[PDB]
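Single chain ahead, written as structure tokens, the form deposited in one PDB entry.
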């Protein structure tokens, strides 16, 4: 008989059932960055890719497969049909439309909603116990959308949120202080993007409040202008885009970090977008970034950060804005 059968004796006619499977939807810049990061942190035994452009999809899948010798993720598959995603522990959404200059924030959101109206029901059909990690912008809204469409409990629907923002913050802090960002601690909360809130009260190195050493920290009479740090966290993503076209690497790594906490059940604390109704004064179904304990069941627990009146108010306003957009949305 065949060379394979001459060389190999078979014990098991094998039920191929994935044990730690991850699916990425959208193989654009972000989606693929997430993919290579995940492959190189060995977070999955099966990686599935899904997109509507079949060329790009198959191409990216083959390019990865070819690097298999250098990886420890034994099944990489792709497809337009969602059966390829069956039994994922984790499904990351990076599919999205590109905002165009004229396009209202609203029109964009609605386009993306229609996209989600296609994706989420399919994902849920084939992996009804997965965690959803939403990356597509504008992310607090789309995480709400995904939650509405899936009918999943709030713990299994997570948005990438201010994870990345907080990483940029810590990087900038580190640059200012001559210390690695792993040792510079600081939190960015609320609405991802322009409206995010830097919590100065808890900025520290080695458990030393920077705010008590420098009481004017992050105010206007701040001679060292630390507000600039946060301003930069916001404008960075702009500059980077202007410069290179888009953001991929940093967000891919942030998402991989999150995935590591979930897949490995670590119970680390991350600033991610979660359904915050009831807390921080918020009284609508909106998603904002707070410090969340991530693990095998998604968001198990939430850190109640003490805020100033102004911080609480910034959040309230973000929530009112977000809600205003969300109620003009059809499911």
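Rigid core here is just the name for the largest C-alpha set that superposes within 1.5 Å across the two forms. Residue numbers count along the first chain shown, from 1. Only residues modelled in both forms are compared.
One more form of this protein exists, namely the form deposited in another entry; it is left out here, but the text below deals with it.
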Fill in the blank from the handout: Core-superposed between the shown form and the other one, the one of 209, 232, 225, 107 with a C-alpha shift of 2 Å or more is 107
Handout entry: Shift of residue 242 between the shown form and the other one at or above 2 Å (CA, core fit)
Key = no
Completion exercise
Per-residue Cα shift of 2 Å or more between the shown form and the other one after core superposition, grouped into runs of 3+, gives 98-108
